[PDB]
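Visitor: Hey, dropping protein_35.cif in here, mmCIF, N, CA and C atoms:
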data_model
loop_
_atom_site.group_PDB
_atom_site.id
_atom_site.type_symbol
_atom_site.label_atom_id
_atom_site.label_comp_id
_atom_site.auth_asym_id
_atom_site.auth_seq_id
_atom_site.Cartn_x
_atom_site.Cartn_y
_atom_site.Cartn_z
ATOM 1 N N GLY A 1 150.699 127.545 65.219
ATOM 2 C CA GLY A 1 149.578 126.557 65.285
ATOM 3 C C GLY A 1 148.331 126.983 64.523
ATOM 4 N N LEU A 2 148.479 127.375 63.251
ATOM 5 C CA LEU A 2 147.368 127.812 62.357
ATOM 6 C C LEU A 2 146.511 126.609 61.970
ATOM 7 N N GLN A 3 147.104 125.652 61.249
ATOM 8 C CA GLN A 3 146.473 124.369 60.855
ATOM 9 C C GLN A 3 145.697 123.806 62.046
ATOM 10 N N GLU A 4 146.328 123.772 63.220
ATOM 11 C CA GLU A 4 145.706 123.317 64.488
ATOM 12 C C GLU A 4 144.361 124.038 64.641
ATOM 13 N N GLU A 5 144.396 125.372 64.639
ATOM 14 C CA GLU A 5 143.207 126.247 64.784
ATOM 15 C C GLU A 5 142.219 125.912 63.663
ATOM 16 N N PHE A 6 142.670 126.015 62.409
ATOM 17 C CA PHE A 6 141.867 125.739 61.191
ATOM 18 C C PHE A 6 141.029 124.472 61.398
ATOM 19 N N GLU A 7 141.684 123.354 61.721
ATOM 20 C CA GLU A 7 141.034 122.027 61.869
ATOM 21 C C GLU A 7 139.972 122.107 62.961
ATOM 22 N N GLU A 8 140.269 122.801 64.057
ATOM 23 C CA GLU A 8 139.294 122.990 65.155
ATOM 24 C C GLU A 8 138.099 123.788 64.622
ATOM 25 N N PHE A 9 138.343 124.804 63.794
ATOM 26 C CA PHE A 9 137.280 125.719 63.316
ATOM 27 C C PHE A 9 136.492 125.074 62.174
ATOM 28 N N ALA A 10 137.116 124.169 61.419
ATOM 29 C CA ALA A 10 136.454 123.358 60.372
ATOM 30 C C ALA A 10 135.380 122.477 61.015
ATOM 31 N N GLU A 11 135.571 122.096 62.280
ATOM 32 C CA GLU A 11 134.559 121.357 63.080
ATOM 33 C C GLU A 11 133.507 122.353 63.564
ATOM 34 N N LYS A 12 133.942 123.384 64.279
ATOM 35 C CA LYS A 12 133.063 124.466 64.776
ATOM 36 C C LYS A 12 132.102 124.862 63.653
ATOM 37 N N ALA A 13 132.620 124.982 62.435
ATOM 38 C CA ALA A 13 131.846 125.293 61.210
ATOM 39 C C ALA A 13 130.613 124.389 61.153
ATOM 40 N N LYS A 14 130.796 123.068 61.220
ATOM 41 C CA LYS A 14 129.719 122.060 61.017
ATOM 42 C C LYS A 14 128.593 122.266 62.036
ATOM 43 N N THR A 15 128.913 122.741 63.241
ATOM 44 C CA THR A 15 127.986 123.128 64.337
ATOM 45 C C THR A 15 126.993 124.184 63.850
ATOM 46 N N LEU A 16 127.471 125.116 63.022
ATOM 47 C CA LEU A 16 126.651 126.235 62.487
ATOM 48 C C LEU A 16 125.314 125.706 61.993
ATOM 49 N N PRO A 17 124.262 126.550 61.973
ATOM 50 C CA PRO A 17 122.946 126.111 61.514
ATOM 51 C C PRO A 17 122.881 126.031 59.984
ATOM 52 N N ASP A 18 122.057 125.128 59.462
ATOM 53 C CA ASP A 18 121.830 124.924 58.000
ATOM 54 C C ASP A 18 121.212 126.205 57.415
ATOM 55 N N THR A 19 120.582 127.044 58.232
ATOM 56 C CA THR A 19 119.822 128.249 57.808
ATOM 57 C C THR A 19 120.728 129.343 57.210
ATOM 58 N N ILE A 20 122.050 129.293 57.419
ATOM 59 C CA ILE A 20 122.993 130.341 56.926
ATOM 60 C C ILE A 20 122.825 130.523 55.418
ATOM 61 N N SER A 21 123.058 131.748 54.927
ATOM 62 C CA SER A 21 122.937 132.128 53.498
ATOM 63 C C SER A 21 123.875 131.255 52.665
ATOM 64 N N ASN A 22 123.390 130.780 51.514
ATOM 65 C CA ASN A 22 124.176 129.943 50.571
ATOM 66 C C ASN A 22 125.457 130.689 50.217
ATOM 67 N N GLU A 23 125.348 131.992 49.943
ATOM 68 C CA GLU A 23 126.497 132.887 49.654
ATOM 69 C C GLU A 23 127.610 132.580 50.661
ATOM 70 N N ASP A 24 127.262 132.473 51.948
ATOM 71 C CA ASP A 24 128.228 132.215 53.054
ATOM 72 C C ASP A 24 128.730 130.774 52.977
ATOM 73 N N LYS A 25 127.812 129.816 52.817
ATOM 74 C CA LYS A 25 128.149 128.376 52.683
ATOM 75 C C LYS A 25 129.211 128.225 51.594
ATOM 76 N N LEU A 26 128.944 128.769 50.414
ATOM 77 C CA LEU A 26 129.856 128.666 49.249
ATOM 78 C C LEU A 26 131.229 129.221 49.629
ATOM 79 N N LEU A 27 131.283 130.384 50.283
ATOM 80 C CA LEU A 27 132.564 131.023 50.674
ATOM 81 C C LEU A 27 133.363 130.065 51.559
ATOM 82 N N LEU A 28 132.706 129.486 52.565
ATOM 83 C CA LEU A 28 133.308 128.461 53.458
ATOM 84 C C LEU A 28 133.825 127.311 52.606
ATOM 85 N N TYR A 29 132.999 126.819 51.693
ATOM 86 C CA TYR A 29 133.333 125.648 50.848
ATOM 87 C C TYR A 29 134.589 125.956 50.049
ATOM 88 N N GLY A 30 134.544 127.037 49.279
ATOM 89 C CA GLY A 30 135.652 127.447 48.407
ATOM 90 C C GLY A 30 136.946 127.504 49.177
ATOM 91 N N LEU A 31 136.919 128.148 50.347
ATOM 92 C CA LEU A 31 138.104 128.298 51.228
ATOM 93 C C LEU A 31 138.552 126.910 51.675
ATOM 94 N N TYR A 32 137.637 126.174 52.303
ATOM 95 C CA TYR A 32 137.878 124.796 52.794
ATOM 96 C C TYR A 32 138.681 124.011 51.743
ATOM 97 N N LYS A 33 138.180 123.958 50.517
ATOM 98 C CA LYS A 33 138.881 123.174 49.477
ATOM 99 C C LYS A 33 140.254 123.778 49.206
ATOM 100 N N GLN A 34 140.290 125.064 48.870
ATOM 101 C CA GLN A 34 141.549 125.778 48.517
ATOM 102 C C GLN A 34 142.601 125.498 49.596
ATOM 103 N N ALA A 35 142.170 125.443 50.862
ATOM 104 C CA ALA A 35 143.045 125.259 52.042
ATOM 105 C C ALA A 35 143.527 123.811 52.123
ATOM 106 N N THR A 36 142.643 122.850 51.850
ATOM 107 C CA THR A 36 142.904 121.401 52.031
ATOM 108 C C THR A 36 143.506 120.809 50.755
ATOM 109 N N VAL A 37 143.073 121.263 49.583
ATOM 110 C CA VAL A 37 143.368 120.603 48.276
ATOM 111 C C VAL A 37 144.125 121.553 47.343
ATOM 112 N N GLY A 38 144.199 122.846 47.670
ATOM 113 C CA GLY A 38 144.878 123.842 46.820
ATOM 114 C C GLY A 38 144.080 124.093 45.552
ATOM 115 N N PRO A 39 144.623 124.855 44.578
ATOM 116 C CA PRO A 39 143.852 125.312 43.420
ATOM 117 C C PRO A 39 143.073 124.185 42.731
ATOM 118 N N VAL A 40 141.803 124.442 42.404
ATOM 119 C CA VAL A 40 140.916 123.490 41.673
ATOM 120 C C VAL A 40 141.640 123.028 40.409
ATOM 121 N N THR A 41 141.584 121.730 40.116
ATOM 122 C CA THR A 41 142.158 121.128 38.887
ATOM 123 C C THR A 41 141.118 120.249 38.200
ATOM 124 N N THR A 42 139.863 120.299 38.643
ATOM 125 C CA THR A 42 138.751 119.522 38.042
ATOM 126 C C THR A 42 138.091 120.337 36.938
ATOM 127 N N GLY A 43 137.346 119.656 36.077
ATOM 128 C CA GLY A 43 136.420 120.270 35.118
ATOM 129 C C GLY A 43 135.307 121.001 35.841
ATOM 130 N N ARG A 44 134.995 122.210 35.380
ATOM 131 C CA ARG A 44 133.833 122.980 35.875
ATOM 132 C C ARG A 44 132.570 122.232 35.501
ATOM 133 N N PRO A 45 131.659 121.942 36.447
ATOM 134 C CA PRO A 45 130.427 121.248 36.111
ATOM 135 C C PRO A 45 129.613 122.080 35.108
ATOM 136 N N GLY A 46 128.750 121.418 34.342
ATOM 137 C CA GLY A 46 127.859 122.055 33.362
ATOM 138 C C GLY A 46 126.618 122.602 34.035
ATOM 139 N N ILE A 47 125.598 122.854 33.212
ATOM 140 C CA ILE A 47 124.414 123.710 33.513
ATOM 141 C C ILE A 47 123.315 122.882 34.175
ATOM 142 N N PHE A 48 123.475 121.578 34.278
ATOM 143 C CA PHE A 48 122.412 120.677 34.769
ATOM 144 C C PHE A 48 122.343 120.728 36.298
ATOM 145 N N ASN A 49 123.476 120.983 36.956
ATOM 146 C CA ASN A 49 123.635 120.805 38.432
ATOM 147 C C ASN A 49 124.311 122.034 39.016
ATOM 148 N N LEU A 50 123.535 123.113 39.157
ATOM 149 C CA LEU A 50 124.034 124.431 39.640
ATOM 150 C C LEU A 50 124.814 124.234 40.941
ATOM 151 N N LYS A 51 124.224 123.562 41.932
ATOM 152 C CA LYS A 51 124.873 123.342 43.241
ATOM 153 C C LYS A 51 126.341 123.014 42.974
ATOM 154 N N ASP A 52 126.599 121.969 42.186
ATOM 155 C CA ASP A 52 127.968 121.511 41.844
ATOM 156 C C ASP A 52 128.748 122.662 41.220
ATOM 157 N N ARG A 53 128.160 123.284 40.201
ATOM 158 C CA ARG A 53 128.809 124.375 39.441
ATOM 159 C C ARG A 53 129.149 125.531 40.397
ATOM 160 N N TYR A 54 128.185 125.959 41.206
ATOM 161 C CA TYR A 54 128.323 127.094 42.154
ATOM 162 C C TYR A 54 129.488 126.821 43.095
ATOM 163 N N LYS A 55 129.499 125.650 43.725
ATOM 164 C CA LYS A 55 130.640 125.198 44.561
ATOM 165 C C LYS A 55 131.932 125.374 43.773
ATOM 166 N N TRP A 56 132.056 124.644 42.667
ATOM 167 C CA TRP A 56 133.260 124.700 41.800
ATOM 168 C C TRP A 56 133.677 126.164 41.592
ATOM 169 N N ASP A 57 132.708 127.021 41.274
ATOM 170 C CA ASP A 57 132.931 128.463 41.031
ATOM 171 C C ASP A 57 133.522 129.104 42.281
ATOM 172 N N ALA A 58 132.973 128.790 43.451
ATOM 173 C CA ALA A 58 133.401 129.345 44.758
ATOM 174 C C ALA A 58 134.873 129.000 45.009
ATOM 175 N N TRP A 59 135.281 127.785 44.631
ATOM 176 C CA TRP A 59 136.664 127.273 44.798
ATOM 177 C C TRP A 59 137.584 127.922 43.755
ATOM 178 N N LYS A 60 137.079 128.064 42.542
ATOM 179 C CA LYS A 60 137.788 128.765 41.450
ATOM 180 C C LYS A 60 137.993 130.228 41.851
ATOM 181 N N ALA A 61 137.014 130.814 42.526
ATOM 182 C CA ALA A 61 136.994 132.238 42.930
ATOM 183 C C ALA A 61 138.192 132.557 43.828
ATOM 184 N N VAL A 62 138.738 131.553 44.517
ATOM 185 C CA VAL A 62 139.836 131.728 45.509
ATOM 186 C C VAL A 62 141.053 130.913 45.066
ATOM 187 N N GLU A 63 141.166 130.582 43.781
ATOM 188 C CA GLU A 63 142.330 129.871 43.182
ATOM 189 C C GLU A 63 143.624 130.582 43.607
ATOM 190 N N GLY A 64 143.564 131.909 43.805
ATOM 191 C CA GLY A 64 144.727 132.773 44.084
ATOM 192 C C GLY A 64 145.344 132.505 45.440
ATOM 193 N N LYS A 65 144.543 132.224 46.470
ATOM 194 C CA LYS A 65 144.975 132.186 47.889
ATOM 195 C C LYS A 65 145.872 130.977 48.146
ATOM 196 N N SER A 66 146.962 131.185 48.899
ATOM 197 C CA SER A 66 147.855 130.133 49.450
ATOM 198 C C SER A 66 147.120 129.385 50.563
ATOM 199 N N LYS A 67 147.464 128.121 50.806
ATOM 200 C CA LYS A 67 146.758 127.244 51.784
ATOM 201 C C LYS A 67 146.675 127.952 53.132
ATOM 202 N N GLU A 68 147.730 128.681 53.479
ATOM 203 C CA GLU A 68 147.838 129.413 54.767
ATOM 204 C C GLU A 68 146.825 130.552 54.721
ATOM 205 N N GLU A 69 146.935 131.372 53.682
ATOM 206 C CA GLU A 69 146.072 132.556 53.423
ATOM 207 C C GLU A 69 144.609 132.123 53.493
ATOM 208 N N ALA A 70 144.288 131.025 52.815
ATOM 209 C CA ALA A 70 142.932 130.449 52.749
ATOM 210 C C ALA A 70 142.475 130.093 54.165
ATOM 211 N N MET A 71 143.301 129.355 54.907
ATOM 212 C CA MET A 71 142.962 128.928 56.290
ATOM 213 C C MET A 71 142.552 130.165 57.086
ATOM 214 N N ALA A 72 143.384 131.209 57.046
ATOM 215 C CA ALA A 72 143.157 132.473 57.763
ATOM 216 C C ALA A 72 141.718 132.943 57.536
ATOM 217 N N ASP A 73 141.318 133.147 56.278
ATOM 218 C CA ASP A 73 139.963 133.709 56.006
ATOM 219 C C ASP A 73 138.921 132.694 56.470
ATOM 220 N N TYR A 74 139.181 131.394 56.284
ATOM 221 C CA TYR A 74 138.223 130.348 56.688
ATOM 222 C C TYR A 74 137.890 130.532 58.164
ATOM 223 N N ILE A 75 138.929 130.577 58.991
ATOM 224 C CA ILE A 75 138.727 130.707 60.457
ATOM 225 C C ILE A 75 137.933 131.988 60.705
ATOM 226 N N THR A 76 138.409 133.095 60.133
ATOM 227 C CA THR A 76 137.763 134.425 60.286
ATOM 228 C C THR A 76 136.275 134.279 60.017
ATOM 229 N N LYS A 77 135.954 133.788 58.823
ATOM 230 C CA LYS A 77 134.568 133.757 58.330
ATOM 231 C C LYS A 77 133.759 132.910 59.297
ATOM 232 N N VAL A 78 134.283 131.740 59.692
ATOM 233 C CA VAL A 78 133.570 130.883 60.671
ATOM 234 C C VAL A 78 133.242 131.734 61.901
ATOM 235 N N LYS A 79 134.248 132.426 62.444
ATOM 236 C CA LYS A 79 134.112 133.201 63.695
ATOM 237 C C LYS A 79 132.935 134.156 63.564
ATOM 238 N N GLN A 80 132.895 134.979 62.498
ATOM 239 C CA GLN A 80 131.760 135.918 62.264
ATOM 240 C C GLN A 80 130.433 135.210 62.535
ATOM 241 N N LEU A 81 130.266 134.068 61.884
ATOM 242 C CA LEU A 81 128.988 133.325 61.881
ATOM 243 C C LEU A 81 128.763 132.751 63.265
ATOM 244 N N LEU A 82 129.809 132.368 63.982
ATOM 245 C CA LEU A 82 129.636 131.875 65.381
ATOM 246 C C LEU A 82 129.190 133.015 66.298
ATOM 247 N N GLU A 83 129.872 134.161 66.206
ATOM 248 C CA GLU A 83 129.562 135.313 67.093
ATOM 249 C C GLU A 83 128.234 135.933 66.635
ATOM 250 N N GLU A 84 127.913 135.802 65.348
ATOM 251 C CA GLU A 84 126.643 136.271 64.742
ATOM 252 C C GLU A 84 125.559 135.213 64.981
ATOM 253 N N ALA A 85 125.895 133.926 64.880
ATOM 254 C CA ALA A 85 124.975 132.803 65.178
ATOM 255 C C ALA A 85 124.520 132.921 66.631
ATOM 256 N N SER A 86 125.470 133.215 67.534
ATOM 257 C CA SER A 86 125.269 133.282 69.005
ATOM 258 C C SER A 86 124.224 134.365 69.366
ATOM 259 N N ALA A 87 124.135 135.450 68.572
ATOM 260 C CA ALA A 87 122.927 136.319 68.425
ATOM 261 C C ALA A 87 122.072 135.863 67.228
#
Using structure tokens, write down the structure that the file contains.
Guide:
Amino acid sequence: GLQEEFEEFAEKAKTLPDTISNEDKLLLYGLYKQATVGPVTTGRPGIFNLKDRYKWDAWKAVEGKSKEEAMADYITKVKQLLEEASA
């Protein structure tokens, strides 16, 4: 029941505060996509819209991970921030 857990933690994620470091947000994003959509197949955004480019980069950064592998780290990373958020 990994996917089961993943989907529950993808919600728990949204609960997290907006204040979390962008570095962390991007890692969650990259994993989330890689897990749900698999390796990026879109054009890398250009220099006008960093947010878009940075995201794309975060997803490209984890092109290697299998959907299962990706889910695993996603849940893990969420947990850190929940147990760290809770302090």
Visitor: Can you turn the PyMOL selection byres ((chain A and resi 64-74) around 6) into a concrete residue list for this file, as a PyMOL selection string?
Guide: chain A and resi 6+31+34-35+61-63+75-79
Visitor: For the file shown, report as a list in words the outcome of the PyMOL selection byres (((chain A and resi 44 and name CA) around 10) and name CA) at residue level.
Guide: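 On this input, the PyMOL selection byres (((chain A and resi 44 and name CA) around 10) and name CA) captures residues 40, 41, 42, 43, 45, 46, 47, 52, 53, 54, 55, 56, 57 and 60 of chain A.
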Visitor: How far is it from atom CA of residue A:9 to atom CA of residue A:82, in Å with one decimal?
Guide: 10.0 Å
Visitor: Let's see if you can do this: from backbone DSSP, list all helix (DSSP H, G or I) residues in chain A, as number ranges by chain.
Guide: A: 2-15, 22-37, 50-60, 67-85
Visitor: In Å, how far is it from atom CA of residue A:17 to atom CA of residue A:87?
Guide: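 Atom CA of residue A:87 lies 12.3 Å from atom CA of residue A:17.
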